[PDB]
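So this block is target14.cif, mmCIF, C-alpha atoms:
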data_data
#
loop_
_atom_site.label_atom_id
_atom_site.label_comp_id
_atom_site.auth_asym_id
_atom_site.auth_seq_id
_atom_site.Cartn_x
_atom_site.Cartn_y
_atom_site.Cartn_z
CA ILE E 1 0.00 0.00 0.00
CA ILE E 2 1.47 3.30 -0.91
CA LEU E 3 0.13 6.74 -1.32
CA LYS E 4 1.15 7.93 -4.75
CA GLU E 5 2.03 11.49 -4.07
CA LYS E 6 3.88 12.56 -7.21
CA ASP L 1 -17.20 6.64 28.01
CA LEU L 2 -15.27 8.58 25.36
CA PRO L 3 -14.68 12.32 25.67
CA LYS L 4 -16.91 14.72 23.72
CA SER L 5 -13.79 16.51 22.44
CA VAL L 6 -10.02 15.86 22.40
CA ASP L 7 -7.16 18.12 21.30
CA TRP L 8 -3.69 16.65 21.89
CA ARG L 9 -2.00 19.98 20.87
CA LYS L 10 -3.21 21.37 24.20
CA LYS L 11 -1.38 18.67 26.04
CA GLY L 12 2.13 19.11 24.48
CA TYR L 13 2.07 16.03 22.18
CA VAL L 14 2.31 17.92 18.84
CA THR L 15 5.16 19.80 17.22
CA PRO L 16 4.75 22.98 15.18
CA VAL L 17 3.45 22.61 11.58
CA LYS L 18 6.00 21.53 9.04
CA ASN L 19 6.21 21.86 5.26
CA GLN L 20 6.89 19.01 2.86
CA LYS L 21 7.45 21.43 0.01
CA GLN L 22 7.77 19.91 -3.47
CA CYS L 23 8.41 16.41 -2.23
CA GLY L 24 5.62 13.81 -2.05
CA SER L 25 6.44 12.93 1.52
CA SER L 26 3.19 13.54 3.41
CA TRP L 27 3.40 9.93 4.48
CA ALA L 28 6.66 10.70 6.25
CA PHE L 29 5.27 13.74 8.09
CA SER L 30 2.21 11.75 9.13
CA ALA L 31 4.46 8.99 10.47
CA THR L 32 6.79 11.35 12.34
CA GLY L 33 3.79 13.20 13.85
CA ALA L 34 2.37 9.99 15.30
CA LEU L 35 5.79 8.96 16.56
CA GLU L 36 6.43 12.41 18.15
CA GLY L 37 3.13 11.97 20.16
CA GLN L 38 3.97 8.48 21.35
CA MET L 39 7.47 9.45 22.37
CA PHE L 40 6.11 12.34 24.31
CA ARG L 41 3.70 10.13 26.12
CA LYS L 42 6.45 7.71 27.05
CA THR L 43 9.16 10.24 28.13
CA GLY L 44 7.54 13.63 28.62
CA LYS L 45 9.89 15.08 25.97
CA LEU L 46 8.67 16.56 22.68
CA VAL L 47 11.41 16.15 20.02
CA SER L 48 10.89 16.90 16.34
CA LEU L 49 11.72 13.70 14.29
CA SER L 50 13.41 13.33 10.85
CA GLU L 51 11.12 12.95 7.80
CA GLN L 52 14.28 13.03 5.68
CA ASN L 53 15.59 9.96 7.54
CA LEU L 54 12.41 8.21 6.38
CA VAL L 55 12.52 9.57 2.84
CA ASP L 56 16.13 8.48 2.29
CA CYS L 57 16.15 5.14 4.09
CA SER L 58 12.91 3.34 3.85
CA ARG L 59 12.86 2.11 0.29
CA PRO L 60 13.36 -1.51 1.41
CA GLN L 61 10.01 -1.36 3.21
CA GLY L 62 8.28 -0.25 0.05
CA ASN L 63 8.35 3.50 0.41
CA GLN L 64 9.24 5.64 -2.60
CA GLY L 65 10.79 8.72 -1.03
CA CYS L 66 9.57 11.91 -2.68
CA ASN L 67 7.31 9.92 -4.92
CA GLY L 68 5.18 8.44 -2.17
CA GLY L 69 4.92 5.91 0.57
CA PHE L 70 2.86 4.79 3.50
CA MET L 71 2.86 5.35 7.21
CA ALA L 72 2.69 1.69 8.22
CA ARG L 73 5.77 1.08 6.05
CA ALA L 74 7.53 3.91 7.85
CA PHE L 75 6.77 2.40 11.26
CA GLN L 76 8.03 -0.94 9.99
CA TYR L 77 11.17 0.71 8.85
CA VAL L 78 11.58 2.20 12.29
CA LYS L 79 11.07 -1.20 13.89
CA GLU L 80 13.40 -3.11 11.48
CA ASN L 81 16.00 -0.34 11.63
CA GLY L 82 16.06 0.01 15.39
CA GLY L 83 15.53 3.77 15.55
CA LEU L 84 14.85 7.13 13.91
CA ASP L 85 16.97 10.28 14.02
CA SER L 86 15.94 13.76 15.28
CA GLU L 87 15.11 16.50 12.74
CA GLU L 88 17.95 18.62 14.07
CA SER L 89 20.44 15.81 13.42
CA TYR L 90 19.03 14.83 9.99
CA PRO L 91 17.39 17.90 8.42
CA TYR L 92 14.71 18.08 5.86
CA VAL L 93 15.70 19.07 2.31
CA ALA L 94 12.69 17.97 0.30
CA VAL L 95 14.62 15.80 -2.19
CA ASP L 96 15.61 12.11 -2.24
CA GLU L 97 19.16 11.81 -0.90
CA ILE L 98 21.60 9.21 0.38
CA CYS L 99 20.55 7.40 3.52
CA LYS L 100 22.55 8.84 6.37
CA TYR L 101 20.92 7.25 9.32
CA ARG L 102 22.97 7.56 12.43
CA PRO L 103 22.16 5.34 15.38
CA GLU L 104 23.83 7.66 17.85
CA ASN L 105 21.35 10.36 16.82
CA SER L 106 18.25 8.17 17.31
CA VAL L 107 15.61 9.63 19.63
CA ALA L 108 12.71 7.33 18.78
CA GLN L 109 11.91 3.58 18.42
CA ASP L 110 8.84 1.42 17.85
CA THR L 111 8.04 -2.33 17.93
CA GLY L 112 5.66 -2.28 15.03
CA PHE L 113 2.29 -0.62 14.95
CA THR L 114 -1.49 -1.05 15.55
CA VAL L 115 -4.07 -0.59 12.78
CA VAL L 116 -7.55 0.86 13.34
CA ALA L 117 -10.33 -1.28 11.87
CA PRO L 118 -10.85 0.03 8.30
CA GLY L 119 -13.76 2.39 7.77
CA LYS L 120 -14.73 2.52 11.39
CA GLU L 121 -14.89 6.19 12.52
CA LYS L 122 -15.96 5.11 15.97
CA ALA L 123 -12.90 2.94 16.32
CA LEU L 124 -10.74 5.89 15.11
CA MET L 125 -12.46 8.04 17.79
CA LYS L 126 -11.59 5.46 20.45
CA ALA L 127 -7.95 5.39 19.26
CA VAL L 128 -7.61 9.23 19.21
CA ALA L 129 -9.09 9.49 22.69
CA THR L 130 -6.95 6.74 24.33
CA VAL L 131 -3.61 6.77 22.50
CA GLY L 132 -2.69 10.15 21.13
CA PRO L 133 -2.44 11.57 17.59
CA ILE L 134 -3.19 8.91 14.90
CA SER L 135 -1.71 8.65 11.35
CA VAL L 136 -4.45 8.58 8.64
CA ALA L 137 -4.68 8.59 4.85
CA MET L 138 -7.22 10.75 3.03
CA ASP L 139 -8.22 11.89 -0.42
CA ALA L 140 -6.73 15.37 -0.63
CA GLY L 141 -6.72 15.87 -4.40
CA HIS L 142 -9.21 18.65 -4.60
CA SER L 143 -8.88 22.30 -5.27
CA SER L 144 -11.33 22.90 -2.44
CA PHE L 145 -8.78 21.34 -0.09
CA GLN L 146 -5.88 23.18 -1.60
CA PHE L 147 -7.75 26.43 -1.00
CA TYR L 148 -9.31 25.43 2.32
CA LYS L 149 -9.43 28.17 4.94
CA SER L 150 -11.89 27.83 7.77
CA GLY L 151 -14.78 25.80 8.98
CA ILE L 152 -15.68 22.21 8.55
CA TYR L 153 -14.34 20.74 5.34
CA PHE L 154 -16.87 18.73 3.42
CA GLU L 155 -16.36 17.87 -0.15
CA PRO L 156 -18.78 15.94 -2.34
CA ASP L 157 -16.05 14.78 -4.69
CA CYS L 158 -14.11 13.09 -1.91
CA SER L 159 -13.47 9.41 -2.07
CA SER L 160 -13.22 7.08 0.91
CA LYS L 161 -11.19 4.54 -1.00
CA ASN L 162 -8.90 6.28 -3.47
CA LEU L 163 -6.49 8.05 -1.08
CA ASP L 164 -3.36 10.07 -1.86
CA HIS L 165 -2.22 12.05 1.24
CA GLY L 166 -1.06 11.17 4.77
CA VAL L 167 -2.08 13.50 7.62
CA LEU L 168 -2.34 13.39 11.41
CA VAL L 169 -5.55 13.40 13.44
CA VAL L 170 -4.67 15.26 16.65
CA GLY L 171 -8.19 15.37 18.06
CA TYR L 172 -11.87 15.78 17.33
CA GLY L 173 -14.75 17.97 18.40
CA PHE L 174 -17.99 19.64 17.49
CA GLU L 175 -19.43 23.03 16.88
CA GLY L 176 -21.95 24.49 19.30
CA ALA L 177 -23.20 23.09 22.62
CA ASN L 178 -24.58 19.71 21.36
CA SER L 179 -21.70 17.24 21.22
CA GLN L 180 -23.32 15.20 18.48
CA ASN L 181 -23.84 17.83 15.81
CA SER L 182 -21.43 19.46 13.33
CA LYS L 183 -18.65 17.10 14.38
CA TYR L 184 -15.18 17.14 13.00
CA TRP L 185 -11.71 15.58 13.07
CA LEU L 186 -8.81 18.03 13.91
CA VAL L 187 -6.15 17.23 11.34
CA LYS L 188 -2.58 18.53 11.10
CA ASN L 189 -1.30 18.82 7.53
CA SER L 190 2.32 19.21 6.23
CA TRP L 191 1.81 22.20 3.87
CA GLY L 192 3.18 24.78 6.27
CA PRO L 193 1.40 26.96 8.83
CA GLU L 194 0.27 29.31 5.96
CA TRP L 195 -2.03 26.69 4.47
CA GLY L 196 -5.56 26.15 5.89
CA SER L 197 -6.18 27.08 9.48
CA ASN L 198 -2.65 27.70 10.83
CA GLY L 199 -1.70 24.43 9.02
CA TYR L 200 -4.74 22.49 10.25
CA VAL L 201 -8.11 21.47 8.87
CA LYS L 202 -11.41 20.33 10.45
CA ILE L 203 -12.65 17.44 8.37
CA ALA L 204 -16.32 16.44 8.65
CA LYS L 205 -16.66 13.65 11.12
CA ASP L 206 -19.27 10.85 11.32
CA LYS L 207 -20.34 11.57 7.73
CA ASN L 208 -19.67 8.18 6.31
CA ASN L 209 -15.93 8.26 6.70
CA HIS L 210 -15.51 11.47 4.72
CA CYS L 211 -12.44 11.54 2.50
CA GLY L 212 -11.41 8.15 3.89
CA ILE L 213 -10.09 9.37 7.18
CA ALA L 214 -10.75 6.09 8.90
CA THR L 215 -9.92 3.80 5.97
CA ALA L 216 -6.25 3.37 6.74
CA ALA L 217 -5.39 4.72 10.18
CA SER L 218 -2.60 3.42 12.32
CA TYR L 219 -0.21 4.27 15.13
CA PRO L 220 3.23 3.14 16.32
CA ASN L 221 3.74 0.95 19.40
CA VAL L 222 6.48 2.44 21.62
#
In structure tokens, write the structure found in this file.
Amino acid sequence: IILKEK
Amino acid sequence: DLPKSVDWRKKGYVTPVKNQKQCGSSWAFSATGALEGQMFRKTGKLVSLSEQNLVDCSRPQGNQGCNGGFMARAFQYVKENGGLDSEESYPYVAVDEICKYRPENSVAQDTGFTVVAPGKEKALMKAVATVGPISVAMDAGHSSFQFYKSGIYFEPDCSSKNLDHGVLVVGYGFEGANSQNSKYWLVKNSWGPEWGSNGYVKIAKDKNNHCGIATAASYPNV
């Protein structure tokens, strides 16, 4: 799970 | 029973508002915020922790530095690594750099973390009230959020499942005299004190997990 921030 | 309102900033658990700048590291600021509250509870000392330490060193746990990551992965890194450096010893530069973790500069540790049951705002309320500030993911990709200024934030386009920003719930409350109406989560962001309300936002609470606040919340075990 990873927050795609860019 | 649980308190009607909680604000951990009034108890010394929260550092001043930081700024991630042009780096997609909100996940790192959310993780350090939660860790700063737990360390304060354990030792009575508030010490600003290194987001850069997380940005540069946690790729093995699945984080992607300035491109993204997750708070639970950061707590895992802290656990596997045996520590986390202070901000003053490992400053923030908003760019992916070489891992320079120094054990002698570590001022925090965790043994893993606890997850709040997904989608349960009441469980998130119980965690906030009993533990301290909680790391949460939310859907922040809205111009209404970018330009947020005061009041309770409520956005029809918000998703409870497609999330893209890590923040820190430092409390909750309500507006007026009735504790069950116009409720909100007190959330610390990492866009500097000039954004929102001195760097904070009140997100609508008990409105079907608005913006996914309770979809992926967790906290470190210290």
Can you work out the spacing between CA of residue 144 (chain L) and CA of residue 218 (chain L) in Å, to one decimal?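 CA of residue 218 (chain L) lies 26.0 Å from CA of residue 144 (chain L).
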Explicit residue set for the PyMOL selection byres ((chain L) within 8 of (chain E)), as a list in words: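 So the PyMOL selection byres ((chain L) within 8 of (chain E)) ends up selecting residues 23, 24, 25, 26, 27, 62, 63, 66, 67, 68, 69, 70, 163, 164, 165 and 166 of chain L.
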Can you work out the spacing between CA of residue 157 (chain L) and CA of residue 137 (chain L) in Å, to one decimal? 16.1 Å
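When all atoms listed in the file are used to compute distances to residue 212 (chain L), the closest of the residues L:151, L:16, L:119, L:112 turns out to be L:119.
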Mind checking which residues fall within 12 Å of residue 184 (chain L), counting all atoms listed in the file, ignoring those fewer than 5 positions away in the same chain, and posting them as an MDAnalysis selection string? chainID L and resid 4:7 121 125 151:154 169:176 179 201:207 209:210 213
Proximity to residue 140 (chain L) - best of L:101, L:113, L:191, L:92, all atoms listed in the file: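 Among L:101, L:113, L:191, L:92, it is L:191 that comes nearest to residue 140 (chain L).
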What is the distance, in Å and to one decimal place, between CA of residue 34 (chain L) and CA of residue 134 (chain L)?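 These atoms are spaced 5.7 Å apart.
Look at residue 126 (chain L): the protein and nucleic acid residues within 10 Å of it, using only C-alpha atoms and passing over chain neighbours fewer than 3 places away, are residues 1, 2, 3, 116, 121, 122, 123, 129, 130 and 131 of chain L.
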Could you give me the axis-aligned bounding box of chain E, with 3 Å of padding per side, as centre plus edge lengths in Å to one decimal, as AutoDock Vina command-line options?
--center_x 1.9 --center_y 6.3 --center_z -3.6 --size_x 9.9 --size_y 18.6 --size_z 13.2
Shell around residue 77 (chain L) at 9 Å using only C-alpha atoms, local window under 3 positions removed, as a PyMOL selection string: chain L and resi 54+57-61+72-74+80-84+112
Residues selected by the PyMOL selection byres ((chain L and resi 189) around 6), written as a list in words: residues 167, 188, 190, 191, 199 and 200 of chain L
Can you turn the PyMOL selection byres ((chain L and resi 222) around 8) into a concrete residue list for this file, as a compact mmCIF listing (two decimals) with C-alpha atoms, keeping the file's coordinate frame?
# COMPACT_ATOMS: atom_id res chain seq x y z
CA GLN L 38 3.97 8.48 21.35
CA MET L 39 7.47 9.45 22.37
CA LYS L 42 6.45 7.71 27.05
CA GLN L 109 11.91 3.58 18.42
CA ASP L 110 8.84 1.42 17.85
CA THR L 111 8.04 -2.33 17.93
CA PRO L 220 3.23 3.14 16.32
CA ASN L 221 3.74 0.95 19.40
